[PDB]
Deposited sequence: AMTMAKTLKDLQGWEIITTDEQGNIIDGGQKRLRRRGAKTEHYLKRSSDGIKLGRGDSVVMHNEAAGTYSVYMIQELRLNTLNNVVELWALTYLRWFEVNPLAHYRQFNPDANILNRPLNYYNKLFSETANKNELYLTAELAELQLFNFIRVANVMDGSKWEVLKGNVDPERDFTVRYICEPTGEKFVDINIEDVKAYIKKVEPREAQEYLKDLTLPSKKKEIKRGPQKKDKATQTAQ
């Protein structure tokens, strides 16, 4: 018998659970045997981003299954973290000083990095392929109102708030109801959902 070499990662045993329009036994979702964690469209996740030397957060948008060999591809909408926001572009849209006054740019860079909610994410329609071996934890993303309520009890590594969707460049913000984006993502087809989201920030 061919004894296949394994790695610790193989102990987790991510399982592909397929279901029908509502029940079980099509729509797929991933379940980790070791702890029961389940991932599917609409779920936001904290992933290790080695290129950034820190974590990145995404909203799973598609579990692509290759029926010929069970190879799975996890695709997700990319959120931007505070340091990916274009401060000036942001203030020109929400701070009258940016358009009325002529303050030096550094003024807005310092102001943003000093006042921005570091746990406020910005949804973008830009898809990225994720690898399960980089999974950190399920993210708890909520809108501004819930955030106000939870403010005093936030787990800075799991809880985040989203009020806008914007271009990957961190500009052109559009108010959104993240909870509804989530419901919408797991309801309509992948390409249709992403395209709708992509058009929200362009004329």
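Coordinate coverage of the deposited sequence is interrupted at 26-39, 218-238, where no C-alpha atom was modelled.
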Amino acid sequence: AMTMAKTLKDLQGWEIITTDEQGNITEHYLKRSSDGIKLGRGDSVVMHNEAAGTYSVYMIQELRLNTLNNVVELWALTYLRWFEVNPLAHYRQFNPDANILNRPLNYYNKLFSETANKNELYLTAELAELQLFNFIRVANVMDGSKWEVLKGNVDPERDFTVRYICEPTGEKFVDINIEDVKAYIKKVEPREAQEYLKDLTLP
From here on, numbers count along this sequence of modelled residues.
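When the C-alpha B-factors of 120-128 and 89-97 are averaged, 89-97 comes out higher. Checked against the record, the higher mean CA B factor of 63-71 and 36-44 lies with 63-71. Between the residues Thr26, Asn177, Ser56, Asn134, it is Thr26 that shows the highest Cα B-factor in the PDB record. In the deposited entry, the Cα temperature factor of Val181 places it in the lowest third of its chain's modelled residues. Per the deposited record, the Cα B-factor of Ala51 falls in the lowest third when ranked against the other modelled residues of its chain. Remark: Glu167 belongs to the lowest third of its chain, ranked by C-alpha B-factor as recorded.
Residue-level temperature factors show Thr115 in the middle third of its chain, judged at the C-alpha atom. Sort the chain's modelled residues by C-alpha temperature factor and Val138 lands in the lowest third, per the entry.
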